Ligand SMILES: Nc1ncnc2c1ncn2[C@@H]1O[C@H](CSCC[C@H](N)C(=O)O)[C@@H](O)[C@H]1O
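For reference, the chain that follows is the form deposited without the named molecule, supplied as structure tokens.
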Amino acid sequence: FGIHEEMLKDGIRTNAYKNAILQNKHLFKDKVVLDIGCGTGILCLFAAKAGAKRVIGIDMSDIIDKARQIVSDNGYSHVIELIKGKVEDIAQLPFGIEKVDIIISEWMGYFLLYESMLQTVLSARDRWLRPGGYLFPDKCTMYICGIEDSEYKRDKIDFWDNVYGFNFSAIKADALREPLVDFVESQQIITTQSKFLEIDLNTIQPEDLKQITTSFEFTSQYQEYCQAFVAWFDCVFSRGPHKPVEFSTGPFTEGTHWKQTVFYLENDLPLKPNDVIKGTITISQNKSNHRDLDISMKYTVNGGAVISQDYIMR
């Protein structure tokens, strides 16, 4: 419902897709395009306008009936075909199509990986993408840095110390375990930014997603307290477009509906300039609710004792 208006009115995202598709008419001309999660159909309309021979959109949502009407009203009912259901439940693609040239998708979730459609996109790639075909977009990179956020930490974590006189501190751990999806101001960042994960749809395999172990490293720029780490991702249309097309969900550029992801620290870090925060982040589907993401960090400051903290986004 409102999720579709939010996706469309996300200008940064829809403009990046618009540019990647419409500026590459040469690449789309007379091609067969599969779009995973077409929603109201704007990306399918772009691909058709770019000259695709056939655009197949899959959405599991009941929006499909209205999306077909939109396709008709814009004169593309002979080019764009919409199908309901899960990729995994599709007997065949329509019109006897066996392979496709280009897969468009918007699979990225919050924190890139939370409730994402990555596995669906990889199944569709494995089933239908012709050798050498293109994935729009194909590369996402995750970044992390440290911030000052004493005010929000006091309002959101320490609030539970005293609630109308009552001790609610039993809840504090749970509040700390939940990453926050929200915007951070760039002036709050007190460290360099660390690339810590890349996901390349051209080469990644589903078994690689079972448990992601990765490392990160960033450096303090200030004499300051660090209350939280913040993470975001960048997304690149790399293989396919004539020039690479990119957009960011970070705090130095226009906001997106993904916002940023804030991981509050149990114990604030007292940082000096040039202090080094380095560690590992392990990401995996939660073992009791498969929709939940377990995110475990272990790290040090200048090689001190290891600090560990576990989070679950749910």
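Throughout, we count residues from 1 along the sequence that is shown.
In what follows, reference is made to the form solved in complex with the named molecule, a form of this protein that is not presented.
- For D59, a non-hydrogen atom is located within 4.5 Å of the named molecule in the entry with it bound, even though that partner is not displayed.
- By the criterion of a heavy atom within 4.5 Å, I42 is counted among the residues contacting the named molecule in the entry with it bound.
- Though the partner is left out of this view, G37 does reach within 4.5 Å of the named molecule in the entry with it bound, counting heavy atoms only.
- Proximity of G85 to the named molecule in the entry with it bound: non-hydrogen atoms within 4.5 Å are present.
- For the options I97, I212, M117, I204, the residue carrying a heavy atom within 4.5 angstroms of the named molecule in the entry with it bound is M117.
- Taking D138, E106, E224, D149 one by one, only a single residue has any non-hydrogen atom within 4.5 Å of the named molecule in the entry with it bound, and it is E106.
- Only one segment in the set 86-94, 140-148, 195-203, 175-183 has any non-hydrogen atom within 4.5 angstroms of the named molecule in the entry with it bound, and it is 86-94.
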